[PDB]
Amino acid sequence: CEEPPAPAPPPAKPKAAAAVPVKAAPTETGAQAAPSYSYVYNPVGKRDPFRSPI
Amino acid sequence: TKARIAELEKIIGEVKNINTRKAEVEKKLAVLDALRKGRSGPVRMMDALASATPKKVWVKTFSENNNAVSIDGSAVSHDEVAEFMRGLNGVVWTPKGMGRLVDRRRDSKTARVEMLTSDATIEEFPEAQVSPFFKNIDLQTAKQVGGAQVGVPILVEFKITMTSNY
Amino acid sequence: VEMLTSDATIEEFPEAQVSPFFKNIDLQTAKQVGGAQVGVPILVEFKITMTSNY
Amino acid sequence: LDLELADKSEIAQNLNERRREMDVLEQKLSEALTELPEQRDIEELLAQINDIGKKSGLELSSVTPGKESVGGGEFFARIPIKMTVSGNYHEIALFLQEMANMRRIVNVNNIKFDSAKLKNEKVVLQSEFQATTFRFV
Amino acid sequence: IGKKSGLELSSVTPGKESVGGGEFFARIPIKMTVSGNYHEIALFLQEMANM
């Protein structure tokens, strides 16, 4: 068996732990967006048409 | 060990430096695409030579009959055509009468832009209203015209008919 | 070219649209013509009818 | 040693996935995209489109998925979804604005709608909106 | 409040949040569509304004 952990070392974990870790990353990462927002819009304005045609 | 663990602390330092900057590029640009729509917005469909323009945006055709105006236009999106349509009226229209001008539109015999639905004779019930002066019958049609490799318009072509008051 | 369906008179309701100037009625037909040992065309022969604007 | 070798492949893959979308996010004057997080749940997108349609009062006459745009990006296959709903102008404006306020990557673009009644005896607007999400390659 | 005022609630339609309707708040508008008598709609309104 392996003990409370193994012997001195503890041992063997070059196998357990080596074909584990893992690979972590650990990817503390890919969460939720606020996204972002665009802005509106450019006119002054006028008349022309449509003054005469109404 | 101590070599490649260092390698990995560095590579994950990258991956994180990374992941947090994405969520900001992300949102900055969503803003930017709202704003390009905010600069297309104040601009277009239909070329003209006018100092001041009587409408918020330009439009295409305008044809009246001293009781109603059948108009033909275009707007920037599902928004400025919504702003424009809200500024007028909104109606549950019911028994429509067919008349020889509709077919002259199907004939092409009265010049216009046959993206458009036809008609100009019906009976109207108010749904919503913003101008006390205007009874818009409905946004008769609306179609976002993309363009081609020769050029854009990308905007929403539309057609409306509206009887004023007095 | 009597691969083609016929006709040119009907009444049209819009489904989708890209040119504000053109009312295509439908892709009236389409048939991929392979050819023979004397030669190819392999392509899709087709027929469309369309009313423009004004 | 052997766990650290796991972390190296994990983080090298996370680096590749960066390059993937950070460089796409740095993209330039042309078409421009919305942000792209790894959404990677489509059926919930269809379901939530159905829900916002129902609470807007619209009859969802057809939802049709698309093909992935194999040449629509080096780091992402765009799947377009064409939705086909009928009702009132107020209600379709509503449906659109709700899909544009969703928490998923449904970028609505080219819109159309028209009056579905031949004879035109009652108000009704069939509406066809195109909206797409951006899976990875 | 619609039901106890006697009105038929023909449609309730939520809105979109007003992303530029405030720096510290997204306003959600709700458009309500109820039918009945003038007294009853005045009633429905005053009850919603007393909520």
# chains A, B, ... in the order shown; residues from 1 in each chain; ligands from 1
call {"tool": "residues_around", "arguments": {"residues": "range 108-110 of chain D", "least_positions_apart": "4", "cutoff": "7 Å", "atoms": "only C-alpha atoms", "output": "compact mmCIF listing (two decimals) with N, CA and C atoms, in the first residue's frame"}}
result
# COMPACT_ATOMS: atom_id res chain seq x y z
N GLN B 144 -33.48 45.70 -45.36
CA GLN B 144 -32.11 46.20 -45.22
C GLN B 144 -31.32 45.81 -46.46
N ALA D 100 -30.67 41.84 -28.61
CA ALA D 100 -29.50 42.71 -28.53
C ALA D 100 -29.15 43.07 -27.10
N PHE D 129 -35.13 38.26 -39.26
CA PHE D 129 -33.90 38.83 -38.73
C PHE D 129 -32.78 37.81 -38.85
N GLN D 130 -31.59 38.28 -39.18
CA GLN D 130 -30.41 37.42 -39.25
C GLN D 130 -29.50 37.74 -38.08
N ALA D 131 -29.12 36.72 -37.33
CA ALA D 131 -28.31 36.90 -36.13
C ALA D 131 -27.40 35.71 -35.95
N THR D 132 -26.12 35.97 -35.64
CA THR D 132 -25.08 34.95 -35.72
C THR D 132 -24.24 34.91 -34.45
call {"tool": "residues_around", "arguments": {"residues": "range 36-45 of chain E", "least_positions_apart": "4", "cutoff": "10 Å", "atoms": "only C-alpha atoms", "output": "JSON, numbers by chain"}}
result
{"E": [1, 2, 3, 4, 5, 6, 7, 8, 9, 49, 50]}
call {"tool": "write_last_selection", "arguments": {"atoms": "N, CA and C atoms", "output": "CSV table (one decimal), in the first residue's frame"}}
result
chain,number,residue,atom,x,y,z
E,1,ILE,N,-53.9,44.4,-10.2
E,1,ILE,CA,-54.7,45.7,-10.2
E,1,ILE,C,-55.5,45.8,-11.5
E,2,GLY,N,-55.1,45.2,-12.6
E,2,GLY,CA,-55.9,45.2,-13.7
E,2,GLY,C,-57.2,44.4,-13.5
E,3,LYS,N,-57.1,43.2,-12.9
E,3,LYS,CA,-58.2,42.4,-12.7
E,3,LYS,C,-59.2,43.0,-11.7
E,4,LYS,N,-58.7,43.6,-10.6
E,4,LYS,CA,-59.7,44.1,-9.7
E,4,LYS,C,-60.2,45.5,-10.2
E,5,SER,N,-59.6,46.1,-11.2
E,5,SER,CA,-60.3,47.2,-11.8
E,5,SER,C,-61.2,46.8,-12.9
E,6,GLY,N,-61.4,45.5,-13.2
E,6,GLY,CA,-62.3,45.1,-14.2
E,6,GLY,C,-61.8,45.1,-15.7
E,7,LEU,N,-60.5,45.4,-15.9
E,7,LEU,CA,-60.0,45.5,-17.2
E,7,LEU,C,-59.5,44.2,-17.8
E,8,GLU,N,-59.7,44.0,-19.1
E,8,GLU,CA,-59.1,42.9,-19.8
E,8,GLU,C,-57.7,43.3,-20.2
E,9,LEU,N,-56.7,42.5,-19.7
E,9,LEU,CA,-55.3,42.8,-20.0
E,9,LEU,C,-55.0,42.1,-21.3
E,49,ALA,N,-50.1,53.9,-9.8
E,49,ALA,CA,-49.4,55.1,-9.2
E,49,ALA,C,-49.5,55.1,-7.7
E,50,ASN,N,-50.2,54.2,-7.1
E,50,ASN,CA,-50.2,54.1,-5.6
E,50,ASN,C,-49.5,52.8,-5.2
call {"tool": "closest_residue", "arguments": {"among": "B:17, B:161, B:74, B:140", "to": "residue 47 in chain B", "atoms": "only C-alpha atoms"}}
result
B:74
call {"tool": "closest_atom_pairs", "arguments": {"of": "chain B", "to": "chain D", "cutoff": "7 Å", "atoms": "only C-alpha atoms", "output": "Markdown table"}}
result
| residue | atom | partner | partner_atom | distance |
| --- | --- | --- | --- | --- |
| B:1 | CA | D:1 | CA | 5.0 |
| B:4 | CA | D:4 | CA | 6.8 |
| B:5 | CA | D:4 | CA | 5.9 |
| B:8 | CA | D:8 | CA | 5.5 |
| B:11 | CA | D:11 | CA | 6.1 |
| B:12 | CA | D:11 | CA | 5.8 |
| B:15 | CA | D:15 | CA | 5.6 |
| B:18 | CA | D:18 | CA | 6.6 |
| B:22 | CA | D:22 | CA | 6.0 |
| B:25 | CA | D:25 | CA | 6.6 |
| B:26 | CA | D:35 | CA | 4.2 |
| B:27 | CA | D:35 | CA | 6.6 |
| B:29 | CA | D:34 | CA | 6.7 |
| B:30 | CA | D:34 | CA | 5.4 |
| B:92 | CA | D:123 | CA | 5.6 |
| B:93 | CA | D:123 | CA | 5.6 |
| B:94 | CA | D:122 | CA | 4.7 |
| B:95 | CA | D:121 | CA | 5.0 |
| B:96 | CA | D:121 | CA | 6.0 |
| B:140 | CA | D:115 | CA | 6.8 |
| B:141 | CA | D:114 | CA | 4.8 |
| B:142 | CA | D:113 | CA | 5.7 |
| B:143 | CA | D:112 | CA | 4.4 |
| B:144 | CA | D:111 | CA | 5.6 |
call {"tool": "write_last_selection", "arguments": {"atoms": "N, CA, C and O atoms", "output": "tab-separated table (two decimals), in the first residue's frame"}}
result
chain	number	residue	atom	x	y	z
B	1	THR	N	13.01	20.20	-12.44
B	1	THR	CA	11.73	20.75	-12.01
B	1	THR	C	11.79	22.28	-12.01
B	1	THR	O	11.03	22.93	-12.75
B	4	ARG	N	11.32	24.10	-15.49
B	4	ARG	CA	10.06	24.13	-16.22
B	4	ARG	C	8.92	24.70	-15.38
B	4	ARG	O	7.98	25.26	-15.96
B	5	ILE	N	8.98	24.60	-14.05
B	5	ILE	CA	7.99	25.31	-13.23
B	5	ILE	C	8.09	26.81	-13.48
B	5	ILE	O	7.07	27.50	-13.61
B	8	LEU	N	6.53	27.72	-16.59
B	8	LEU	CA	5.07	27.66	-16.54
B	8	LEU	C	4.47	28.84	-15.79
B	8	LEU	O	3.39	29.31	-16.14
B	11	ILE	N	4.53	31.34	-18.54
B	11	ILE	CA	3.53	31.12	-19.60
B	11	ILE	C	2.13	31.41	-19.07
B	11	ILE	O	1.27	31.93	-19.80
B	12	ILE	N	1.88	31.12	-17.79
B	12	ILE	CA	0.57	31.45	-17.21
B	12	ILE	C	0.48	32.93	-16.89
B	12	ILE	O	-0.59	33.53	-17.00
B	15	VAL	N	-0.80	34.02	-20.04
B	15	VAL	CA	-2.20	33.65	-20.27
B	15	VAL	C	-3.16	34.52	-19.46
B	15	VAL	O	-4.28	34.82	-19.90
B	18	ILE	N	-2.99	38.32	-20.71
B	18	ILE	CA	-3.93	38.03	-21.79
B	18	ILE	C	-5.38	38.18	-21.39
B	18	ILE	O	-6.07	39.12	-21.80
B	22	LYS	N	-8.50	40.94	-22.85
B	22	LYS	CA	-9.51	40.58	-23.84
B	22	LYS	C	-10.87	41.16	-23.48
B	22	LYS	O	-11.55	41.74	-24.34
B	25	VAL	N	-10.71	44.90	-24.50
B	25	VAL	CA	-10.78	45.10	-25.94
B	25	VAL	C	-12.21	44.84	-26.41
B	25	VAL	O	-12.89	45.73	-26.92
B	26	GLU	N	-12.65	43.57	-26.28
B	26	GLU	CA	-14.05	43.19	-26.18
B	26	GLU	C	-15.01	44.38	-26.12
B	26	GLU	O	-15.66	44.74	-27.12
B	27	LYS	N	-15.05	45.05	-24.98
B	27	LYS	CA	-16.14	45.96	-24.65
B	27	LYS	C	-15.91	47.35	-25.26
B	27	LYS	O	-16.85	47.97	-25.79
B	29	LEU	N	-14.65	47.75	-28.08
B	29	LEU	CA	-15.03	47.61	-29.48
B	29	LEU	C	-16.53	47.47	-29.65
B	29	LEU	O	-17.09	47.98	-30.64
B	30	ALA	N	-17.21	46.76	-28.74
B	30	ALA	CA	-18.67	46.82	-28.79
B	30	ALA	C	-19.15	48.27	-28.78
B	30	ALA	O	-20.03	48.64	-29.59
B	92	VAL	N	-53.77	50.23	-36.27
B	92	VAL	CA	-54.31	48.94	-36.71
B	92	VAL	C	-55.18	49.24	-37.93
B	92	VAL	O	-56.30	49.74	-37.82
B	93	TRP	N	-54.65	48.96	-39.12
B	93	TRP	CA	-55.38	49.21	-40.35
B	93	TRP	C	-56.19	47.98	-40.74
B	93	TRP	O	-55.79	46.84	-40.48
B	94	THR	N	-57.35	48.22	-41.37
B	94	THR	CA	-58.25	47.10	-41.63
B	94	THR	C	-58.73	47.11	-43.09
B	94	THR	O	-57.94	46.74	-43.96
B	95	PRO	N	-59.99	47.53	-43.45
B	95	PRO	CA	-60.47	47.16	-44.79
B	95	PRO	C	-59.85	48.02	-45.87
B	95	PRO	O	-60.20	49.20	-46.04
B	96	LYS	N	-58.90	47.45	-46.61
B	96	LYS	CA	-58.17	48.21	-47.62
B	96	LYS	C	-58.90	48.18	-48.96
B	96	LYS	O	-59.44	47.15	-49.36
B	140	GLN	N	-45.26	50.47	-44.08
B	140	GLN	CA	-45.73	49.56	-45.11
B	140	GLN	C	-44.70	48.49	-45.45
B	140	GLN	O	-45.07	47.34	-45.70
B	141	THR	N	-43.42	48.83	-45.45
B	141	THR	CA	-42.40	47.80	-45.62
B	141	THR	C	-41.04	48.34	-45.20
B	141	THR	O	-40.87	49.54	-45.00
B	142	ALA	N	-40.08	47.42	-45.06
B	142	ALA	CA	-38.72	47.76	-44.65
B	142	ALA	C	-37.81	46.56	-44.91
B	142	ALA	O	-38.10	45.44	-44.48
B	143	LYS	N	-36.71	46.82	-45.61
B	143	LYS	CA	-35.79	45.79	-46.11
B	143	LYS	C	-34.38	46.36	-46.09
B	143	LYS	O	-34.11	47.37	-46.74
B	144	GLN	N	-33.48	45.70	-45.36
B	144	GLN	CA	-32.11	46.20	-45.22
B	144	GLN	C	-31.32	45.81	-46.46
B	144	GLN	O	-31.04	44.63	-46.70
call {"tool": "interface_residues", "arguments": {"of": "chain A", "to": "chain B", "cutoff": "8 Å", "atoms": "only C-alpha atoms", "output": "PyMOL selection string"}}
result
chain A and resi 25+27-30+33-43+45-51
call {"tool": "select_by_dssp", "arguments": {"residues": "chain B", "states": "strand (DSSP E)", "output": "PyMOL selection string"}}
result
chain B and resi 61-64+69-75+89-93+124-129+135-144+156-163
call {"tool": "residues_around", "arguments": {"residues": "residue 27 in chain E", "least_positions_apart": "4", "cutoff": "12 Å", "atoms": "only C-alpha atoms", "output": "JSON, numbers by chain"}}
result
{"E": [14, 15, 16, 17, 18, 19, 20, 21, 22, 23]}
call {"tool": "interface_residues", "arguments": {"of": "chain A", "to": "chain D", "cutoff": "9 Å", "atoms": "only C-alpha atoms", "output": "list in words"}}
result
residues 14, 15, 16, 17, 18, 19, 20, 21, 22, 23, 24, 25, 26, 27, 30, 31, 32, 33, 35 and 36 of chain A
call {"tool": "write_last_selection", "arguments": {"atoms": "N, CA and C atoms", "output": "mmCIF file, in the first residue's frame"}}
result
data_model
loop_
_atom_site.group_PDB
_atom_site.id
_atom_site.type_symbol
_atom_site.label_atom_id
_atom_site.label_comp_id
_atom_site.auth_asym_id
_atom_site.auth_seq_id
_atom_site.Cartn_x
_atom_site.Cartn_y
_atom_site.Cartn_z
ATOM 1 N N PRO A 14 6.158 10.741 -7.859
ATOM 2 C CA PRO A 14 6.724 10.924 -9.200
ATOM 3 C C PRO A 14 5.846 10.286 -10.273
ATOM 4 N N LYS A 15 4.876 9.486 -9.850
ATOM 5 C CA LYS A 15 3.996 8.787 -10.781
ATOM 6 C C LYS A 15 2.579 9.353 -10.737
ATOM 7 N N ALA A 16 1.928 9.214 -9.590
ATOM 8 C CA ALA A 16 0.720 9.978 -9.294
ATOM 9 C C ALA A 16 0.883 11.440 -9.712
ATOM 10 N N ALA A 17 1.859 12.116 -9.119
ATOM 11 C CA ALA A 17 1.929 13.572 -9.176
ATOM 12 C C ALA A 17 2.514 14.046 -10.504
ATOM 13 N N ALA A 18 3.217 13.149 -11.187
ATOM 14 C CA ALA A 18 3.950 13.510 -12.395
ATOM 15 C C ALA A 18 3.082 13.324 -13.640
ATOM 16 N N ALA A 19 2.103 12.430 -13.550
ATOM 17 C CA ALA A 19 1.144 12.239 -14.627
ATOM 18 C C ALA A 19 -0.155 12.987 -14.346
ATOM 19 N N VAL A 20 -0.360 13.355 -13.087
ATOM 20 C CA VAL A 20 -1.048 14.599 -12.755
ATOM 21 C C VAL A 20 -0.240 15.809 -13.190
ATOM 22 N N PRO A 21 0.177 16.614 -12.218
ATOM 23 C CA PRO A 21 -0.224 18.024 -12.161
ATOM 24 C C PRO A 21 -0.248 18.664 -13.545
ATOM 25 N N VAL A 22 -1.115 18.155 -14.421
ATOM 26 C CA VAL A 22 -2.547 18.368 -14.286
ATOM 27 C C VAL A 22 -3.177 18.755 -15.620
ATOM 28 N N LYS A 23 -3.070 20.038 -15.964
ATOM 29 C CA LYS A 23 -1.792 20.727 -15.956
ATOM 30 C C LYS A 23 -1.873 22.029 -15.164
ATOM 31 N N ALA A 24 -2.745 22.050 -14.160
ATOM 32 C CA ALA A 24 -3.399 23.286 -13.742
ATOM 33 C C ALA A 24 -3.877 24.091 -14.946
ATOM 34 N N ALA A 25 -2.942 24.785 -15.597
ATOM 35 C CA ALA A 25 -3.100 26.196 -15.882
ATOM 36 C C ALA A 25 -2.865 26.992 -14.575
ATOM 37 N N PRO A 26 -3.652 26.736 -13.513
ATOM 38 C CA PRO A 26 -5.115 26.694 -13.554
ATOM 39 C C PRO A 26 -5.665 28.026 -14.087
ATOM 40 N N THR A 27 -6.628 27.889 -14.993
ATOM 41 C CA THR A 27 -7.059 28.976 -15.875
ATOM 42 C C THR A 27 -8.094 29.795 -15.101
ATOM 43 N N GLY A 30 -11.714 32.479 -17.877
ATOM 44 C CA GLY A 30 -12.577 32.791 -19.019
ATOM 45 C C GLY A 30 -14.038 33.048 -18.664
ATOM 46 N N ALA A 31 -14.310 34.164 -17.961
ATOM 47 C CA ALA A 31 -15.520 34.408 -17.194
ATOM 48 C C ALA A 31 -16.600 35.147 -18.011
ATOM 49 N N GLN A 32 -17.144 36.247 -17.464
ATOM 50 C CA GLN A 32 -18.329 36.943 -17.982
ATOM 51 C C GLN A 32 -17.991 38.359 -18.430
ATOM 52 N N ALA A 33 -18.580 38.810 -19.545
ATOM 53 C CA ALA A 33 -18.288 40.110 -20.160
ATOM 54 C C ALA A 33 -19.297 41.192 -19.745
ATOM 55 N N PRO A 35 -19.960 43.264 -22.031
ATOM 56 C CA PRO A 35 -19.243 43.741 -23.238
ATOM 57 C C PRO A 35 -18.813 45.235 -23.196
ATOM 58 N N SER A 36 -18.951 45.957 -24.298
ATOM 59 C CA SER A 36 -18.762 47.397 -24.401
ATOM 60 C C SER A 36 -19.761 47.961 -25.426
#
call {"tool": "closest_residue", "arguments": {"among": "D:118, D:107, D:69, D:76", "to": "chain C", "atoms": "only C-alpha atoms"}}
result
D:118
call {"tool": "residues_around", "arguments": {"residues": "residue 41 in chain D", "least_positions_apart": "4", "cutoff": "12 Å", "atoms": "only C-alpha atoms", "output": "PyMOL selection string"}}
result
chain D and resi 37+45-48+79+103-106+133-136
call {"tool": "decode", "arguments": {"residues": "range 60-94 of chain B", "atoms": "N, CA and C atoms", "output": "PDB file, in the first residue's frame"}}
result
ATOM      1  N   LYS B  60     -36.178  58.986 -49.934  1.00  0.00           N
ATOM      2  CA  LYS B  60     -36.151  58.876 -51.382  1.00  0.00           C
ATOM      3  C   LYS B  60     -37.259  59.700 -52.023  1.00  0.00           C
ATOM      4  N   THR B  61     -38.462  59.140 -52.141  1.00  0.00           N
ATOM      5  CA  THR B  61     -39.540  59.794 -52.868  1.00  0.00           C
ATOM      6  C   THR B  61     -40.617  60.299 -51.913  1.00  0.00           C
ATOM      7  N   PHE B  62     -41.354  61.311 -52.358  1.00  0.00           N
ATOM      8  CA  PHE B  62     -42.439  61.930 -51.607  1.00  0.00           C
ATOM      9  C   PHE B  62     -43.542  62.255 -52.604  1.00  0.00           C
ATOM     10  N   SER B  63     -44.734  61.674 -52.402  1.00  0.00           N
ATOM     11  CA  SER B  63     -45.841  61.919 -53.321  1.00  0.00           C
ATOM     12  C   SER B  63     -47.130  62.082 -52.537  1.00  0.00           C
ATOM     13  N   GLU B  64     -47.806  63.205 -52.720  1.00  0.00           N
ATOM     14  CA  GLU B  64     -48.949  63.583 -51.906  1.00  0.00           C
ATOM     15  C   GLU B  64     -50.233  63.616 -52.740  1.00  0.00           C
ATOM     16  N   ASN B  65     -51.352  63.844 -52.045  1.00  0.00           N
ATOM     17  CA  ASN B  65     -52.638  64.019 -52.711  1.00  0.00           C
ATOM     18  C   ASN B  65     -53.577  64.913 -51.908  1.00  0.00           C
ATOM     19  N   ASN B  66     -53.029  65.805 -51.079  1.00  0.00           N
ATOM     20  CA  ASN B  66     -53.790  66.763 -50.277  1.00  0.00           C
ATOM     21  C   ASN B  66     -54.723  66.080 -49.278  1.00  0.00           C
ATOM     22  N   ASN B  67     -54.552  64.778 -49.058  1.00  0.00           N
ATOM     23  CA  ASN B  67     -55.232  64.103 -47.959  1.00  0.00           C
ATOM     24  C   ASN B  67     -54.245  63.180 -47.266  1.00  0.00           C
ATOM     25  N   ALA B  68     -53.379  62.547 -48.054  1.00  0.00           N
ATOM     26  CA  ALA B  68     -52.355  61.658 -47.539  1.00  0.00           C
ATOM     27  C   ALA B  68     -51.092  61.839 -48.368  1.00  0.00           C
ATOM     28  N   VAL B  69     -49.967  61.501 -47.753  1.00  0.00           N
ATOM     29  CA  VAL B  69     -48.672  61.489 -48.415  1.00  0.00           C
ATOM     30  C   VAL B  69     -48.167  60.055 -48.378  1.00  0.00           C
ATOM     31  N   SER B  70     -47.941  59.484 -49.552  1.00  0.00           N
ATOM     32  CA  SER B  70     -47.243  58.216 -49.681  1.00  0.00           C
ATOM     33  C   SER B  70     -45.773  58.540 -49.885  1.00  0.00           C
ATOM     34  N   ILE B  71     -44.935  58.109 -48.943  1.00  0.00           N
ATOM     35  CA  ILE B  71     -43.518  58.438 -48.987  1.00  0.00           C
ATOM     36  C   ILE B  71     -42.738  57.150 -49.220  1.00  0.00           C
ATOM     37  N   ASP B  72     -41.468  57.336 -49.557  1.00  0.00           N
ATOM     38  CA  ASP B  72     -40.552  56.258 -49.899  1.00  0.00           C
ATOM     39  C   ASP B  72     -39.218  56.676 -49.310  1.00  0.00           C
ATOM     40  N   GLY B  73     -38.645  55.862 -48.432  1.00  0.00           N
ATOM     41  CA  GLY B  73     -37.403  56.315 -47.860  1.00  0.00           C
ATOM     42  C   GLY B  73     -36.418  55.239 -47.483  1.00  0.00           C
ATOM     43  N   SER B  74     -35.498  55.605 -46.602  1.00  0.00           N
ATOM     44  CA  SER B  74     -34.535  54.672 -46.047  1.00  0.00           C
ATOM     45  C   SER B  74     -33.969  55.259 -44.766  1.00  0.00           C
ATOM     46  N   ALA B  75     -33.558  54.400 -43.837  1.00  0.00           N
ATOM     47  CA  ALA B  75     -33.041  54.834 -42.546  1.00  0.00           C
ATOM     48  C   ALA B  75     -31.845  53.964 -42.188  1.00  0.00           C
ATOM     49  N   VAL B  76     -31.205  54.288 -41.063  1.00  0.00           N
ATOM     50  CA  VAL B  76     -29.913  53.678 -40.775  1.00  0.00           C
ATOM     51  C   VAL B  76     -30.073  52.246 -40.276  1.00  0.00           C
ATOM     52  N   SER B  77     -31.174  51.937 -39.597  1.00  0.00           N
ATOM     53  CA  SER B  77     -31.290  50.636 -38.941  1.00  0.00           C
ATOM     54  C   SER B  77     -32.707  50.461 -38.409  1.00  0.00           C
ATOM     55  N   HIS B  78     -32.867  49.459 -37.549  1.00  0.00           N
ATOM     56  CA  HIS B  78     -34.100  49.162 -36.828  1.00  0.00           C
ATOM     57  C   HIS B  78     -34.334  50.205 -35.740  1.00  0.00           C
ATOM     58  N   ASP B  79     -33.509  51.251 -35.732  1.00  0.00           N
ATOM     59  CA  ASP B  79     -33.519  52.260 -34.691  1.00  0.00           C
ATOM     60  C   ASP B  79     -33.985  53.613 -35.202  1.00  0.00           C
ATOM     61  N   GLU B  80     -33.291  54.191 -36.181  1.00  0.00           N
ATOM     62  CA  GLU B  80     -33.712  55.484 -36.701  1.00  0.00           C
ATOM     63  C   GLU B  80     -35.031  55.397 -37.464  1.00  0.00           C
ATOM     64  N   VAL B  81     -35.332  54.256 -38.082  1.00  0.00           N
ATOM     65  CA  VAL B  81     -36.668  54.066 -38.636  1.00  0.00           C
ATOM     66  C   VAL B  81     -37.678  53.880 -37.509  1.00  0.00           C
ATOM     67  N   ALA B  82     -37.231  53.358 -36.360  1.00  0.00           N
ATOM     68  CA  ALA B  82     -38.107  53.280 -35.196  1.00  0.00           C
ATOM     69  C   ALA B  82     -38.296  54.656 -34.567  1.00  0.00           C
ATOM     70  N   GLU B  83     -37.230  55.455 -34.498  1.00  0.00           N
ATOM     71  CA  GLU B  83     -37.369  56.831 -34.043  1.00  0.00           C
ATOM     72  C   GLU B  83     -38.331  57.598 -34.942  1.00  0.00           C
ATOM     73  N   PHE B  84     -38.141  57.477 -36.258  1.00  0.00           N
ATOM     74  CA  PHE B  84     -38.986  58.181 -37.215  1.00  0.00           C
ATOM     75  C   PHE B  84     -40.437  57.712 -37.129  1.00  0.00           C
ATOM     76  N   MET B  85     -40.654  56.396 -37.053  1.00  0.00           N
ATOM     77  CA  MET B  85     -42.022  55.877 -37.011  1.00  0.00           C
ATOM     78  C   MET B  85     -42.704  56.235 -35.698  1.00  0.00           C
ATOM     79  N   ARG B  86     -41.938  56.282 -34.603  1.00  0.00           N
ATOM     80  CA  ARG B  86     -42.502  56.703 -33.329  1.00  0.00           C
ATOM     81  C   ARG B  86     -42.901  58.170 -33.380  1.00  0.00           C
ATOM     82  N   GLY B  87     -42.072  59.007 -33.997  1.00  0.00           N
ATOM     83  CA  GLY B  87     -42.386  60.426 -34.110  1.00  0.00           C
ATOM     84  C   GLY B  87     -43.703  60.717 -34.801  1.00  0.00           C
ATOM     85  N   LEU B  88     -44.296  59.719 -35.467  1.00  0.00           N
ATOM     86  CA  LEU B  88     -45.550  59.912 -36.176  1.00  0.00           C
ATOM     87  C   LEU B  88     -46.719  59.257 -35.457  1.00  0.00           C
ATOM     88  N   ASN B  89     -46.984  58.001 -35.809  1.00  0.00           N
ATOM     89  CA  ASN B  89     -48.182  57.326 -35.342  1.00  0.00           C
ATOM     90  C   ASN B  89     -48.076  55.837 -35.640  1.00  0.00           C
ATOM     91  N   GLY B  90     -48.999  55.089 -35.057  1.00  0.00           N
ATOM     92  CA  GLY B  90     -49.051  53.644 -35.155  1.00  0.00           C
ATOM     93  C   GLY B  90     -50.487  53.188 -35.069  1.00  0.00           C
ATOM     94  N   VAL B  91     -50.891  52.317 -35.995  1.00  0.00           N
ATOM     95  CA  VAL B  91     -52.294  52.149 -36.326  1.00  0.00           C
ATOM     96  C   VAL B  91     -52.575  50.686 -36.652  1.00  0.00           C
ATOM     97  N   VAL B  92     -53.769  50.233 -36.271  1.00  0.00           N
ATOM     98  CA  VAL B  92     -54.307  48.943 -36.713  1.00  0.00           C
ATOM     99  C   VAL B  92     -55.179  49.244 -37.931  1.00  0.00           C
ATOM    100  N   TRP B  93     -54.648  48.958 -39.118  1.00  0.00           N
ATOM    101  CA  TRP B  93     -55.378  49.212 -40.350  1.00  0.00           C
ATOM    102  C   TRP B  93     -56.191  47.983 -40.744  1.00  0.00           C
ATOM    103  N   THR B  94     -57.350  48.220 -41.372  1.00  0.00           N
ATOM    104  CA  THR B  94     -58.255  47.105 -41.632  1.00  0.00           C
ATOM    105  C   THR B  94     -58.734  47.114 -43.091  1.00  0.00           C
TER     106      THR B  94
END
